[PDB]
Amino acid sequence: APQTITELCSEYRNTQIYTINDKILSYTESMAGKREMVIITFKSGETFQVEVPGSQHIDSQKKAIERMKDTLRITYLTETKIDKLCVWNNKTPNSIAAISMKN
């Protein structure tokens, strides 16, 4: 298995690592039909989403998607610094594949 978020990120196509090194500026969450998602933004202006579960996801990712959203909420509420984000860049806003927190 990969040992860092970057090794993991590189195993997928259409992804890139954004080094954030900052807490989340804003947290947005929706329970509206077909837009069950979360959006985060940083002081930098960067904006990312955890996509609505869809046909592209396998069963195993379903539980992971709910965990990622749980993680973003608590990270935001605790003003925890995010290290890096591995995101899919073929989506607007870019989609979160993985996250690392340090410091």
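Position 1 is the first residue in the sequence shown; the rest follow in order.
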- Query: As stated in the PDB record, which stretch has the larger average Cα B-factor, 34 to 42 or 56 to 64?
  - Reply: 56 to 64
- Once average C-alpha B-factors are taken from the entry for 43 to 51 and 68 to 76, the winner is 43 to 51
- Message: Sorting by Cα B-factor within the chain, modelled residues only, which third would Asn90 end up in: lowest, middle or highest?
- Response: middle
- Message: When the deposited Cα B-factors of this chain's modelled residues are ordered and cut into thirds, is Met101 in the lowest, the middle or the highest one?
- Response: highest
- Query: Mind checking which third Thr19 falls in for C-alpha B-factor across the chain?
  - Reply: lowest
